[PDB]
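Report on the structure given below.
Order of listing sets the numbers, starting from 1, for every ligand and every atom in it. FYI, side chains are in, hydrogens and waters are out, and symmetry mates aren't considered; it's all heavy atoms of this structure. First the proteins, then the strands, lettered A, B, ... as listed; each starts at 1.
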Protein chains: 2
Amino acid sequence: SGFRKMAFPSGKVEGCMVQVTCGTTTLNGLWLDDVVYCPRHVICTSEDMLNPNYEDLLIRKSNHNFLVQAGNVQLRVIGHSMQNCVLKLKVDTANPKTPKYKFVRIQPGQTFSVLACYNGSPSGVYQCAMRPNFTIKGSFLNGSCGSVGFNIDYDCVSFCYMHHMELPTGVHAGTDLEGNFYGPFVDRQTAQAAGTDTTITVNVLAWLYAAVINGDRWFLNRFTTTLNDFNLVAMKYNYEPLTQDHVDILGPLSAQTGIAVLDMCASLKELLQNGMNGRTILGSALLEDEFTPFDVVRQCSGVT
Amino acid sequence: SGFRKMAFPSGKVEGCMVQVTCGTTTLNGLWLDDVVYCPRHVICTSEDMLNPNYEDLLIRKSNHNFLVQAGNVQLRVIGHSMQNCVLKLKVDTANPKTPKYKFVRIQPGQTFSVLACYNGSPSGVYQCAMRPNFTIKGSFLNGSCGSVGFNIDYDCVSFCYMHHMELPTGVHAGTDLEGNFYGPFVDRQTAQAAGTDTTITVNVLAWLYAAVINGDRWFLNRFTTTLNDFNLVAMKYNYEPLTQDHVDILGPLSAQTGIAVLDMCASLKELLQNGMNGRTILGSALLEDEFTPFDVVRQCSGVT
Ligand SMILES: *CC(=O)N[C@@H](C)c1cccc2ccccc12
Ligand SMILES: *CC(=O)N[C@@H](C)c1cccc2ccccc12
C-alpha cells in the first residue's frame, strides 16, 4: 500500500549522460550509439542568446570545438549537424551502455522522469508532466540544459524531453529528441509567456482511483454526473475537458474499484466546489494531476 | 529555478538488487561484495508470520534453500547467518557492480531515496523521510520487501533502510542494514500501532527557504519570534520542537536569503495559525517536511 510520486529507475539513462563544452558553455549531452544529442544553444554567448542566428553561428564551429567528455574520458567528434533545436555530434565510439531506446513526442498530460544533470553527472531524478501549456515545472539550475525526460517500458527507454530554457516565470521549456520544442517556445532569450496551466483532469481522476485503492475514501460521495455537466464545472475551474477517450482509459481503474468513472467525476466535482475543508488525499491538500492512469495501474500493480 | 521532490540517481543501487526465494516466498536482496542482505522473514510461511521463532525456523534452512538470482543468473550460496532482523547470504561471487558504500542508521527527519523492487527488478525511485514515529510513508506492494533506502555522497552509497513490514494503517517499517528496526517495530504479523506522526519542523523551515530562493515569497511576514514562543505553537500543531542545533543547521540558508531563522519561524507560526487561505508554496497546499536543510542546499546548488 501507499502511493508515491515515483520516477523510473535512472540507471539506463545515467549511462548515457556526457558533458558537452563549446567555448565557455558546458551543458549535458545524451550519448546513444555513436551520436551525442545536446541543445544547439551550446554554441551561443549570452549576447548571442538575445537574437541567435543558429545557422550563422554554427558556420564558425568545427567538430574539434565540441568537447565531449564521458566520465573523465574525451570522445572524438567526427561530425556535427543541427536538427531543429538539437545538435547531433557524431563520435568515433558507440556508447557501450546504450540501452534499447526510442524517441517519442509526448502529448500534454503525459508524465515522465527527469534525470537532472550538471557537467554530464547525474544529480537527481524526479517525475514531471507535460503541462497543457507545453511547459514543465522542473528543477533546473544553470548547467542543467541537455538533461533528459524519459519513460521506460521494461528495458526500452523512450526519450521524450531535452531541457533547453527557463521562462521568466521560472517554468521550463524544451524539445523532443528530434529538437522540436514542446509548445510555441524558442531557444532565444526573449518575451515568452506561458498560456493557462490547466489541471490534467484524467490524471486527477486516476489519482483519486489510486486514493481509493490505498484506503483514502472520505471524498467518495452519493452523486454521479455526465461528461457535459462535469465539463461545465471543469471549464469554470481551469480543468481540461474530459473526453470519452479519457473515460475509456480509466476503465481498468473503474473495474478494479467498482466506482463508475462518472461517479468519480461527481466526487471530483464536489471537491472542486467544496474544497478539501483542510483534509488531505494521499498526503496532498490539492488534487494531484502528475499521475497518468497508466502510472496509477503500474504503481498499484508493481511493474518492473 | 524550480524545486522538486528529487531522489538520488538509482543506477548504483539498481546494480545491487537481486531476487531471494526461500520456499514459495520471493523478495529482494541487496548484493554488496560477496554478501546478499535480505529480510529474515523470507524464511516464514504466512502461518509462521503470526508468531515466528526465527532461530528455530532458520535451523530447517540450508544454504541451498536460499535461491539468489542476479538478472537471469543464479548465485551460489556458500553461507548464511542472521544479524538481528536481516539474513546475510554469503555467495561465491563478489558483486562486480558493488559501489563504494556504508551502512548508516539515520535519525528521524532524515530523508533518503527508495528503489522499489519486485523479484530483484527495480520498478521506481522516490524520496522518503524517516518519520518522527520511526515509520516511513512508502509505496510497497507484496514482493517489495528487501527494497532499500539510501543516500549518495558523490560516489559513496549510504544504505539506511531495508523494507520489512506494512502496519495495518498502511505505513511502513523496516531496518537499517545491520537488521535493527527503526522504532519499536518487529517482523511479526501482530498489533503494531504507530505513534504521533509529528511534522519535521527543521525540514519545513528548509523548504520555506527553498520557496524564497525560487521566488515563492507571499508567506514572508513582518514578525519574528523566539525558539520558546515558536515551540509553544509547534507543540500545539504536532510539530517537532526546534532546537538551537536546528537553527545552526539552517544558518547557510539564512545567510543566502538574508532571512533570520527566527523570522522564518514567525512566518511558519503565522502559516500554522492562519492556514494557506487556498494559496500554494512550491506547488503544495500543505507545509512539506520531507526536504532536509542539506537537501535544500544540494538541490539549490546542483551537487552531483
Ligand atoms: C541551461 C544551461 O545549462 N545552459 C545555458 C542556459 C547557459 C548556462 C551557463 C551560462 C550561459 C551563458 C550564456 C548562454 C547560456 C548559458
Ligand atoms: C514484503 C514481502 O515482499 N514479503 C512478505 C510480506 C510476503 C510476500 C508475499 C507472500 C507472503 C506470504 C507469507 C509471508 C510473507 C509474504
- Task: Could you tell me the residue and atom name of the protein heavy atom closest to atom 2 (C) of ligand 1, and the distance to it rounded to 0.1 Å?
- Result: A:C145 SG, 2.8 Å

- With distance as the sole test, does B:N214 use its side chain to make a donor-acceptor pair with the main-chain N or O of B:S1 at under 3.5 Å? no

- Taking only heavy atoms of B:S144 into account, list the atoms of ligand 2 that are under 4.0 Å away from them. 3 (O)

- Task: For atom 8 (C) of ligand 1, grab the closest protein heavy atom and report residue, atom and distance to one decimal in Å.
- Result: A:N142 OD1, 3.0 Å

- Applying salt bridge (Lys or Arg N to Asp or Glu O under 4.0 Å), which residue pairs with at least one partner in residues 17-28 of chain A are found, sequence neighbours left out? none

- Note on the structure: the protein heavy atom lying closest to atom 3 (O) of ligand 1 turns out to be A:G143 N, 2.9 Å

- Query: Angle class for the B:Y182/B:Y161 ring planes (parallel below 30°, perpendicular above 60°, tilted otherwise)?
  - Reply: parallel

- Query: Of the protein's non-hydrogen atoms, which lies at the shortest distance from atom 11 (C) of ligand 1, and what is that distance?
  - Reply: A:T25 OG1, 4.5 Å

- Query: Between the candidates A:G302, B:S46, B:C38, which shows the shortest non-hydrogen contact distance to atom 13 (C) of ligand 2?
  - Reply: B:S46

- Task: Test B:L89 against every option in B:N63, B:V18, B:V68 by the side chain to side chain contact (heavy atoms under 4.5 Å, CB included) rule and name the one that passes.
- Result: B:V68

- Of B:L57, B:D48, B:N65, the residue whose pairing with B:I43 passes side chain to side chain contact (heavy atoms under 4.5 Å, CB included): B:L57

- Item | Per-atom contacts of ligand 2 with B:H41, taking only distances under 4.0 Å to non-hydrogen atoms | 4 (N), 5 (C)

- Look at atom NZ of A:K90 and say whether more than 12 heavy atoms of other residues, nucleotides or ligands are closer to it than 6.0 Å. no

- Looking at atom 15 (C) of ligand 2, what's its closest protein heavy atom, distance included? B:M49 CG, 4.4 Å

